[PDB]
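Undergrad: A single structure is presented below for examination.
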Amino acid sequence: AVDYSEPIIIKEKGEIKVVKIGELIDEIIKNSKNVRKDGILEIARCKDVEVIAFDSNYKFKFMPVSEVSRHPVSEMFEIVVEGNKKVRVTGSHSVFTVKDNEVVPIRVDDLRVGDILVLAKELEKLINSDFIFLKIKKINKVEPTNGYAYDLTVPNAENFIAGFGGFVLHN
């Protein structure tokens, strides 16, 4: 449920890089051994690869990705926030918002302009977090670059960030 072209920061066998998520995943699937093609999602196990996710103190750290997935898709939403930062994602998938001073998932097709979204930096808990909270400018649905949406499974966290602005995504 993220577009081919959205970038992510990973660590692969110990080295950091910025990759397009679809290139990373196509490649991984392409050179694995036992891809699971069962449905309209293809799934593959991956190794030596980590992503940035927030922990229970709301702080970022690199964490292993167990497996990756993709699926053909006809639609995609673009979300723009304060600062003209954006990401393209599936309307079914989830990001985070604030409510009662804790961050909480919220599904994308339930979003509305002027709600507060959580992204990466740069209620004592909120203050100490690596988050910023920005309001939605507009949300303009669109078509998917390489008609394929992508995802990651991140054990012990169930989140990760992606997009130039480091939008936080929920599994």
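Labels for the structure tokens follow display order: chains A, B, ..., residues from 1 in each chain, ligands from 1.
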For segment 78-95 of chain A, find every residue with an atom within 10 Å (counting only C-alpha atoms), except residues of its own chain fewer than 3 positions away, and show them as a PyMOL selection string.
TA: chain A and resi 1-7+73-75+103-111+113-119+133-145+149-151+159-171
Undergrad: Name the residues of segment 69-113 of chain A that come out as strand (DSSP E or B) in a backbone DSSP run; write them as a list in words.
TA: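 Everything in segment 69-113 of chain A that counts as strand (DSSP E or B) is residues 69, 70, 71, 72, 76, 77, 78, 79, 80, 81, 85, 86, 87, 88, 89, 94, 95, 96, 97, 98, 99, 102, 103, 104, 105, 106 and 107 of chain A.
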Undergrad: For the atom pair atom CA of residue 50 of chain A and atom CA of residue 20 of chain A, what is the interatomic distance in Å to one decimal place?
TA: 14.4 Å
